[PDB]
Structures are given as C-alpha cells and as structure tokens.
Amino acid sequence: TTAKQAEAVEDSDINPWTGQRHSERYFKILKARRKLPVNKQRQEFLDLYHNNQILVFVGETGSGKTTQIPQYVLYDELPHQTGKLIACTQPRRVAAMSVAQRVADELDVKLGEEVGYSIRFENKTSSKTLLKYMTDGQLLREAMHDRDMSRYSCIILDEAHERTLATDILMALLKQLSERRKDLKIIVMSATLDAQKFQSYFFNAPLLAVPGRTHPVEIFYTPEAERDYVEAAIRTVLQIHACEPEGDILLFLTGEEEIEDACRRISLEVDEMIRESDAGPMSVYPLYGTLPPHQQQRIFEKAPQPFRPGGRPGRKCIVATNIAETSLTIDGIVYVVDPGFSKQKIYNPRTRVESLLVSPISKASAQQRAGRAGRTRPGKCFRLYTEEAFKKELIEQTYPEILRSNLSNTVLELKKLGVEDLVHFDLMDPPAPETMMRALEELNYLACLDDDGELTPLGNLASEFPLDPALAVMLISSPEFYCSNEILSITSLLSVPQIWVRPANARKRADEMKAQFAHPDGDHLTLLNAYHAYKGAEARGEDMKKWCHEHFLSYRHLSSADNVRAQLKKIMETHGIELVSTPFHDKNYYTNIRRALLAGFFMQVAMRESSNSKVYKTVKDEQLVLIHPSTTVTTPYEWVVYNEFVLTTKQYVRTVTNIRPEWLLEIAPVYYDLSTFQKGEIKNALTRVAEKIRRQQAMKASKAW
C-alpha cells in the first residue's frame, strides 16, 4: 500500500495479474518508467488518495500522469481486490487506444485482457479487464444504463482542461454521485495549473501538482504571414531536416486529408532530397482521430539512422492534428512546426449554424505546441504566423465546448439520466439558456419529449443509440418507410469519414469513378450505391482492399462503416425495431429512402430561390447557401435535404438529396406548420403546394349512411 511496497510487488519475477513470469521487456520498460516526473511524487499521491474521496492531479504533458496514475491506483488496491474496475477517461479516441496499448505493455499483459479500451463502436475489453481507458462520452453513455456506475471503484477523469462536453457532464454527475457512493474514488487530472475552480467545485478537493521540467524552447516567427500554411509547413519541415542536427519534428495540421497529402508530398520531396543532397533519411507518420490502431502505434517507431555513420542525420516527422498537442507525447521531438490552425467546432444559436471550421488556435494552444519540443532536450518552435499577430489575433483560451455546441444530445442524455430540472443542473459552466431551450424544441420536433418535458418512448429508444437524436430518430422511424436496412446502411455511412479517394495521379479517373456511383436524386443514395457495390464485391469473394483501390474507395472507412452498421443493427434487434426492405423492383424503392431521410432531417431543408441562380435558402433560418461542389448530383432540385453545413469562404450545405415539398408537409406537419413561418418565399411556395394537396383530395367517397 505504501509506495516502496508497491514497487517491490512490481519488482517481483511473477506477474500478479496473469500468473505468468515477467518478460525482460517489462523490466526494461519499468526501469525506463521510473524516470518520469510523477514517480518521485508517487508516495505523496498515495497519501492524498488514501485520505480523500476526490483528488485533483495537475501535471505537464509528458509527466506520466495518464500511464502511471491508473497503475498506481491498481497496485494500491491490489492487496484488497475489489470486484469493480478502474476507469480512465480520455476526451480523444486515439489517446485512449494508444495509451491503453502502452499501459498494456507496461503491465506485461495482452491488450483487451487485463488492460482494455472503450470507444464508441470499438470495444477492446473482456471480463479480465481491471483497467479500462475509455472515451469520456463512452463512460457518459454507460452511465445512462447504470446511473451509479456500479462497475467502477475508481474513476479518473483525465485531460479535464480541454473542457469537453461529456467531461463536464461527467464532472456534474460524479459530484452528485460522490454523495451517494462513498466507495467510489474520483481523480481529476489536468495540464493547466488553474484547477482551483476544480477544487471549489468538488467540495474543496485536495491538489497534487507535479513541478514542470520542460527544457527551454526558442520560438521563431515569420516576417509576414504566408497565405497557404501547408506548403509553408512542408518547406519548413524540409529546411529543418536539411539544416538541423539530430531530433524529430512535430508538424501540426487540421484534418485527415491535409495530413495524408502533406505526408505524401513531404515524402516525395525528401526522397528527391536524398538522391541530390546531404540530407539523411526521414520517415513520415500521420496522426489523426480516425486512424486505425496499427498506424497509431507506428508513430512510436524510432527514427532511421544515416546510411553511413558520422553524417547525414536521419529522423522522424509526425504530421499530427492537435491530438499531439496535449493528449499524447512522442519521445525524441526537438522541433515543432506550428502553422497556428486547428479544426474547431463552432455553433451559432441565432443562425442555428453548427459546423466544423478551420480556425486560428488559442494562445494556450500555441504555447502547448511550442512546449512539446523542449521535453528531452532544449527545443525550437517555428511558428508560421507573425509575432505581432500572435499577440493580437489569437484568442487567449478556447472557450468551453458546452458553450459552443448543439445541446440536443446533451439534454436527451440528461433526461435519460433522470435529471428532472435542467436549468438548475450544477454544471461548472452553465450553458446559454436560449441554447438549451433550442435543444428542448429541437427534441420536441423529433417527438422525443412530451409536453411535460418527459421522455417519449421514441426518445427513450433514441437514447439507446450512439447517435445524434436526429440520426437516431431517422433510423428508428425507418421501418415506417419500408426501408430500414437501407437507412441503417446510410446511417452507418454518415457516421464515418467520406469513402471517396482522389489520388493526385488518378484524379480524372477517381472523379469519373465516383460519377459512376452517382444516383440522380441525391448524395445519400450515391453513398448507398457505393456501399452496395462494396457488399457485392465482398459477397463475390473479391480481395476488398484491391477492389477498393481499383474503384477509388477507402477500404478503411467502408469496413468501419460495416462495423458500425453491425453494432447499430444488433441494437435495433435488441429493442424490437423491425428490419425491412422494399423489393428493388418496386418503383417506390428510392422514394421510400429519400422520404425516410425527412424523419430525422426535416429541419435541414433548403429551397432554390430562382432559376437564374444556384443559391438555396434554408427553412426558418433564412440562410443563403450553395450546394457544395463535391456533389454527385448534377441536377439539384428546387427542394433539398442536406446533411452537413460547412463554411469555407462561402456557406455550403453538404450531402444533399432532392426531395418533394409535399413530403415536408406530410412527414413533418408540426415543424412545417405554415402559420408559424415568417413572410417570405418559402412560406409562399409551401402554401401553394399545400393548396395543391387539397385539390388532390378530389375524392368524396367516404360519405356513408
């Protein structure tokens, strides 16, 4: 129970968890581990853990705080083994999976056995699991079925400073739960030191702070901004690899596509650089949210060394998103390239505009990025933006995600959790009252709540799905349109990255191939066609990776979509939701699907303003939009249902499907209650089609007597 006793247990020959003998790797890694900053304060941790129910832990990135602390807890409760588990929550998937693998290696056990991870649609655990690294959202969803979280004896909320939505809701739930369950330990971990609010919130909880031990980082700035930050970044990476000593490079970018393309171009220009120059070898690794486990783990490979000793220093380049900002640490990094951008989620209430958007980072973010370089040795950060700009463009911190998000899912989850008074829920930072209200009416239109604010059977059923309320409701309602299977496929496809691949060498081909999958009526149906082609090839016995390459489709994203589809399907079967399909010979096959979309996306509809323009106008928001140029639809109809709302230089809607206005009035009578529309073109059009519907009811057949 004391620190040295725990160490002596760790030092033993046999593995206490598996009854097998420890490997040499285990002792190598152990001896390595005990050099970490958190180690020398282990005892001080244990004390604080032994005398307190709730504890606040604060340390810099690279301390050991995520990999070591759960293990400290594990070995501490080892002598009196409890039947419950240890949960560590990471706001980022990749962090959870990667760290799970690491701690698996440190405990000398198989991943998914004693140490396991839990992500939405990705479960690497079993009955053997004592330590689970999960996404905070995943734990939040577990709480909905288990309000007291009876399977956990200790819960470690990690990376709390990121102030994500699920983390905050979890903090509230756990504050309220610490009063009921005194047998539950709670450890809140952070990187930013200002956790006095965390203390005050959790009944003045104690604080353990690890002294920062980062080496000095020298910060470099450009003279004047460079418009295209990507090639700036690439030329920077090249200039470093050619004109600097030993070390590894951390290059921050925005998303998957940018990262892959940049990796490829860097690889090319480095390859040519080898044949012509003094520059040594350089391996390049991508790092982003959707990346599969193997490719995640490949970033921890060590750099290649020169062809001949004494010169040509070789190295690694990690082209990562802001995951590498604070969530995880890579050793060997000495240089950091910071273009100053990240993909941030923004939400405007009034305009109802929810969107992902590449935007300027925060001052705090910038400082973290710079900080990573000076861990092992003193390092330098190349910031592409100007110093003056740094000083006065950059917001000082990224505001709480709660403050900038759609709270429909949140309110649904809270209702499922039993919260009967939302506007008093003791969250750390209460959301804007009008925003949460908007969540309430959005839930009202989906018929997930009754007039008493309680869950509709449909709402309760919707909470059982790992989906946004709209998507969930669409899926659940689909049997009424006699196309549940197809809507399942489409839900799955909508829940994974885009499936299209467009390599630089084969663009014209790729595009054309994409066009071959195109359905005339909409993008959802195009996705459906591609997926069906994929399943046909799979059934036929084809090599699906080769088939996907050959057809310019992402095998990763498609297989992922199939995984998601499987899980959603068995959730559907559990709760008695019918799986039905219209015979393809029927003329209503596609119309049933297009209509089925309106069950969940009746609020994301736009109307073409005139024939003299390609401009569409959203319903009840009066937002001017264009159909995104990445459409398989060559003939957009007057009315469209869109899935996404992206903002670049112009406001786009993405993944649109042609619909008939009558369907809006039929499937969505309450929301398209015409008397609740403002004066304008949309109201007039819908009025005309309504009056048209009345003419249609020419029949006077019912009269009986």
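Note that residue numbering begins at 1 and tracks the sequence as displayed.
I need to verify one thing: averaged over C-alpha atoms only, is the B-factor higher for 654-662 or for 37-45?
37-45 has the higher mean C-alpha B-factor.
Quick one: say whether 450-458 or 86-94 has the higher mean Cα B-factor in the deposited entry.
Result: 450-458.
Have a look at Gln297, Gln498, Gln367, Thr125 and flag the one whose Cα has the highest B-factor in the entry.
Comparing C-alpha B-factors across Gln297, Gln498, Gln367, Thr125, the top value belongs to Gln367.
Tell me which of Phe390, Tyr555, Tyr288, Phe602 tops the list for C-alpha B factor in the record.
If I rank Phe390, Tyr555, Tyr288, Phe602 by C-alpha B-factor, first place goes to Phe390.
Among the modelled residues of this chain, does the Cα B factor of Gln20 put it in the lowest, middle or highest third?
Its C-alpha B-factor belongs to the lowest third of this chain's values.
Lowest, middle or highest third: where is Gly418 by Cα B-factor in its chain?
According to the entry, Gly418 has a C-alpha B-factor in the chain's middle third.
Taking the entry's C-alpha B-factors for this chain, is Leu467 in the lowest, middle or highest third?
Ranked within chain, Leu467 CA B lands in the lowest tercile.
Can you tell me whether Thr386 has a C-alpha B-factor in the lowest, middle or highest third compared with the other modelled residues of the same chain?
Top third by C-alpha B-factor.
Ordered by C-alpha B-factor within the chain, which third holds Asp168? Give me lowest, middle or highest, please.
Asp168: CA B-factor falls in the middle third of its chain.
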